[PDB]
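**Q** Mind looking over this structure? Questions follow.
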């Protein structure tokens with residue numbers, strides 16, 4: 001048994017945190033005055049990880065600087081951390097391809113994002129995965145970690161809901177899909193044809209985004225380089241079940257907790273859970289990231305008080321309140337279900353409900369704050385009311401006499417936020433012919449090569465399995481229609497003649513390739529004769545058009561003469577002096 | 001036994017000195033893993049079994065099948081190799097990127113039905129370009145066989161514009177077809193005098209677990225020689241080499257030079273090597289540097305072939321409107337090649353070397369695609385472009401290499 005290793009991606013390849021992510025990496029956001037990277041690293045250290053690799057691409061300098069001062073980077077830590085930086089990273093697939101290129105992993109590593117809050121001991125799941133690998137001889141490649149949860153729980157936001165279908169006897173995953181905006185779900189018949197014993201469909205699973213992987217995962221990722229996310233990988237592996245089966249399994253845990261921070265709603269849910277000791281022993285007063293500033297004491301109704309809080313007179317702290325070090329609280333305040341960062345200053349007669357104030361937030365008196373996040377050094381002036389879901393970016397100051405709406409998101413950066421920040425608040429064959437016509441029209445506009453058009457014509461004809469003589473008539477009809485389609489409704493001999501000039505110039509090699517045999521030349525005249533009747537506006541104009549066949553050697557003069565010799569309306573139309581004049585002009589020129 | 005030697009100046013394609021593998025022939029058809037029986041009955045069941053590991057890309061790797069056609073206690077007239085892989089799109093992309101791909105085309109078409117699969121196979125064969133069709137519907141009614149032959153003759157007359165002039169009809173018919181192919185097999189022009197050039201399609205290391213202290217044979221890569229003739233003991237060079245991005249900046253791609261210790265075919269190949277086969281060169285390369293299929297996607301050269309390492313390349317975008325030779329009955333936009341959208345990952349297949357890349361930018365004339373891994377193929381080679389519709393990569397179009405950003409690490 002080799003020592004366990006874990007990969008820790010420190011970048012979410014998705015812009016779900018504008019404008020917060022524009023000046024601070026998501027992984028470094030303070031959940032409870034502690035960075036998410038600290039939480040996930042502590043979780044990894046607890047479960048016995050001895051080697052951790054962190055990949056950072058966006059704002060990697062700040063993550064480097066913060067991490068190098070952390071406890072895990074100390075020489076005494078049992079979790080050996082290696083930091084990798086590469087601006088070429090664009091998705092998790094690139095990260096795994098790089099891992100396989102450098103071959104850091106030996107076997108059975110852990111895949112997990114950098115914003116995962118968990119206290120799960122995966123020893124049982126790891127042992128099950130290793131036993132399944134040993135018995136099945138390297139078939140299973142992945143083991144997801146899922147937690148039972150009711151669908152009505154706030155953690156199960158509509159963005160990350162997932163429905164799964166597995167075999168209940170061996171925990172063998174059979175189907176997996178998202179459920180965003182879907183009122184009904186679909187399941188292929190295949191799931192039942194293989195496992196006739198039984199199939200269980202589950203919707204009470206919460207995606208912990210934690211996976212016990214294998215080097216085969218990296219091998220597949222570097223094989224199918226189009227893969228970008230873990231969901232794409234699992235879908236691609238499941239759809240191609242017949243070849244390289246490599247079935248994925250899962251393990252369900254119910255006595256532990258785990259969830260990733262995807263968006264602001266999930267961030268608030270995870271913060272509320274963490275404050276309520278749901279992630280024990282990852283409680284605020286434990287000070288797992290040992291620091292002087294983050295020390296605090298626990299009291300009744302989950303009230304966490306830092307050093308030198310200096311509480312005001314008559315202020316009431318109801319429940320689920322975390323107070324940072326060096327904070328100042330005014331008189332007759334009321335803060336409930338909220339987290340206040342260190343060094344904050346609070347006015348008088350304020351009401352804070354389910355808000356989150358980071359380091360340096362200063363609030364004047366009379367402000368009512370509900371269900372809003374205030375980034376670092378944000379300031380609020382007198383008598384400002386914030387509706388729920390409001391967001392204040394770093395160093396943003398809001399002036400007095402304003403009631404921000406529900407969707408209020410403001411920042412110093414103009415275009416990212418919904419408002420700028422400043423000291424103020426205000427300011428049958430027919431289908432084949434149609435495909436041929438579409439391809440010809442597309443080729444005409446795109447200036448396509450003659451060879452490209454010839455290949456497309458051969459490809460379309462071969463697929464339809466149409467006869468060349470029928471195709472030649474179809475091509476001639478389409479070509480006649482194409483010159484006819486050039487104008488809208490001129491019904492003039494000059495319009496058809498002028499349009500057919502450029503049309504028959506470049507496409508002559510295509511026409512030459514289409515009709516080569518003598519019988520095709522006779523058929524081309526027959527199609528041209530039928531074209532004159534179907535184009536009675538240009539039917540008289542066909543006398544000059546018929547010369548283009550001899551001009552480009554498409555239809556032979558003898559074949560045209562034989563067509564005129566053989567006789568009806570068509571014979572009467574061909575008997576006109578206009579058709580005869582073209583015949584006489586060409587015959588005299590010929591000899 | 002073999003009568004090989006180490007004396008040759010101007011190799012001959014039909015020379016009996018080698019009698020191992022002269023011309024690489026392809027077997028394209030809609031057999032759907034049904035051509036395996038015909039191939040086995042033609043040459044053998046498992047004549048090639050010398051090195052196997054965990055399969056990496058079974059559905060995206062071409063497999064050769066050598067076949068020595070002997071006739072007259074007899075004499076071997078020719079010894080060619082049959083190539084047939086699942087998915088005609090990859091084979092077509094490999095063929096339409098230069099030359100030396102499926103020199104002789106054998107079509108093991110079914111004589112039972114004329115479904116769209118035979119039409120797609122015929123379209124792929126036409127796009128790739130000499131072809132030879134065959135009727136595999138044995139054990140049927142004689143009148144039904146004649147009707148199927150007439151239908152196949154009609155299809156051949158339809159396809160005669162591009163390639164429709166084949167003739168064919170428990171292995172007696174197979175032996176007759178093999179004799180006819182040997183009679184009609186044209187000799188292809190292969191350059192035996194140019195500098196050595198090979199593409200590695202499968203890297204191996206036959207050192208089993210618990211090897212000896214010094215008995216460590218490693219570095220036996222496998223592939224096909226593109227141009228020139230390879231001799232044992234020559235100093236081969238890996239064009240891709242070891243590429244490391246640990247420099248906290250531009251990636252460094254250092255090539256690897258090693259003396260070619262041995263060259264082995266399915267049989268014991270001579271010191272000299274002939275193009276057109278899946279031969280393996282074992283050199284003085286560390287087994288760690290070339291793990292199981294690790295060194296895939298590499299070019300082996302002798303004196304540092306002109307192919308230079310590239311990071312991003314500009315191609316002349318040119319795609320097909322619909323699906324080439326494929327049109328679904330529903331046609332619900334499935335058989336519609338969409339435009340080359342930005343940030344789309346697709347492979348370019350130059351020869352047998354397939355690399356990945358995303359279209360960073362393109363405006364109607366040339367896409368600047370940054371390749372997944374650094375590659376060294378050519379400077380003006382016709383590079384194909386294929387995209388996966390649904391679990392099956394298929395050709396989307398063609399283009400020409402114009403310029404790019406190159407790197408040369410030492």
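One is the number of the first residue shown, and numbering goes on along the chain from there.
Per deposition record, electron microscopy, 3.6 Å.
Cβ atoms are placed via backbone N, Cα and C, with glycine included.
According to Swiss-Prot, the record shows the following:
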type	residues	note
CROSSLNK	A:22	ubiquitin cross-link
CROSSLNK	A:64	ubiquitin cross-link
CROSSLNK	A:102	ubiquitin cross-link
CROSSLNK	A:178	ubiquitin cross-link
MOD_RES	A:91	phosphoserine
MOD_RES	A:283	phosphothreonine
MOD_RES	A:411	phosphoserine
MOD_RES	A:427	phosphoserine
**Q** Among the modified residues A:91, A:283, A:411, A:427, which residue has its Cβ surrounded by the fewest other Cβ atoms within 10 Å?
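**A** Comparing Cβ neighbours within 10 Å for the modified residues A:91, A:283, A:411, A:427, A:427 has the fewest.
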**Q** So among A:64, A:91, A:102, A:283, A:427, all listed as recorded positions, which is physically nearest to residue A:411 (phosphoserine)? Use the C-alpha atoms.
**A** A:427
**Q** Which recorded positions (A:64, A:91, A:178, A:411, A:427) come close to chain B, taking a Cβ gap under 8 Å as close?
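**A** Filtering A:64, A:91, A:178, A:411, A:427 for a Cβ under 8 Å from chain B leaves none.
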**Q** If you measure from the Cα of residue A:102 (ubiquitin cross-link), which of the recorded positions A:64, A:91, A:178, A:283, A:427 is the nearest?
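**A** With Cα distances computed to residue A:102 (ubiquitin cross-link), the winner among A:64, A:91, A:178, A:283, A:427 is A:91.
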**Q** Compared by Cα position, which of the recorded positions A:22, A:64, A:91, A:178, A:427 is the closest one to residue A:283 (phosphothreonine)?
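**A** Among A:22, A:64, A:91, A:178, A:427, A:64.
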**Q** Including all protein chains displayed, how many Cβ atoms other than that of residue A:64 (ubiquitin cross-link) lie within 10 Å of its Cβ?
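**A** Excluding its own Cβ, residue A:64 (ubiquitin cross-link) sees 15 Cβ atoms within 10 Å.
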**Q** Using C-alpha positions only, work out which of the recorded positions A:22, A:64, A:91, A:178 is nearest to residue A:427 (phosphoserine).
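**A** Checked the recorded positions A:22, A:64, A:91, A:178; minimum Cα distance to residue A:427 (phosphoserine) goes to A:22.
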**Q** With an 8 Å cut-off on Cβ-Cβ distance and a minimum sequence separation of at least 6, pull the same-chain contacts of residue A:178 (ubiquitin cross-link), or say none.
**A** A:161, A:162, A:163, A:231
**Q** Any idea what DSSP makes of residue A:91 (phosphoserine), helix, strand or coil?
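**A** Assignment for residue A:91 (phosphoserine) reads coil.
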**Q** At the Cα level, what's the spacing in Å between residue A:64 (ubiquitin cross-link) and residue A:91 (phosphoserine), rounded?
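**A** With the alpha carbons as reference points, the distance is 20 Å.
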**Q** List every residue in the same chain as residue A:22 (ubiquitin cross-link), at least 6 positions away in sequence, whose Cβ is under 8 Å from its Cβ.
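**A** Those within reach of residue A:22 (ubiquitin cross-link), by Cβ under 8 Å and sequence separation of 6 or more, are A:411, A:413, A:416.
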**Q** Near residue A:102 (ubiquitin cross-link), how many other Cβ atoms are within 10 Å of its Cβ?
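**A** Summing over all protein chains shown, residue A:102 (ubiquitin cross-link) has 13 other Cβ atoms within 10 Å.
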